[PDB]
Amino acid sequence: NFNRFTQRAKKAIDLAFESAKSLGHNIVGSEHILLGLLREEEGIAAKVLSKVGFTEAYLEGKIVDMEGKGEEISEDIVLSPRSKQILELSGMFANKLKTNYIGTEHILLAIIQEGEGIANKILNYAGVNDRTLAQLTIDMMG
């Protein structure tokens, strides 16, 4: 009942929304959360994604290839059910690990665990789904 995101995780989610808006997408999907995690730069998830080889430009391009893009949106937009499930799962992972704060690493763990959705399609297309998981797992050791 006291589940809470770290500041970096909150920033990543804000960036996910900002990315969707930029692309004229009114629904924030797993792909936007993934791009938000990369754009956040500082957290484990960004360091994992960059280590396995993604750039912001690549992810954005793939999102556009798959979904298209429309004019920028200025009003409020919303999380898809899968995005909501991913965020709920990130809390579940943090509680399983008995950690107080849901970080970027927990959100990326949850994206991978969820297994479906555009973010996983992009990881799979790039051939780095299991490599991303491995890198995330070692980056969470200590």
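Numbers follow the displayed sequence, beginning with 1.
Between 103 to 111 and 48 to 56, the higher mean Cα B-factor belongs to 48 to 56. Note on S90, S74, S30, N26: the highest value goes to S74, judged by CA B factor as recorded. Residue-level temperature factors show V78 in the middle third of its chain, judged at the C-alpha atom. Among all modelled residues in its chain, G70 ranks in the highest third by Cα B-factor. For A94, the recorded CA B-factor ranks within the middle third of the chain. Only modelled residues enter the ranking. Among the modelled residues of its chain, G117 has a C-alpha B-factor that falls in the highest third, as given in the PDB entry. For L37, the recorded CA temperature factor ranks within the lowest third of the chain's modelled residues.
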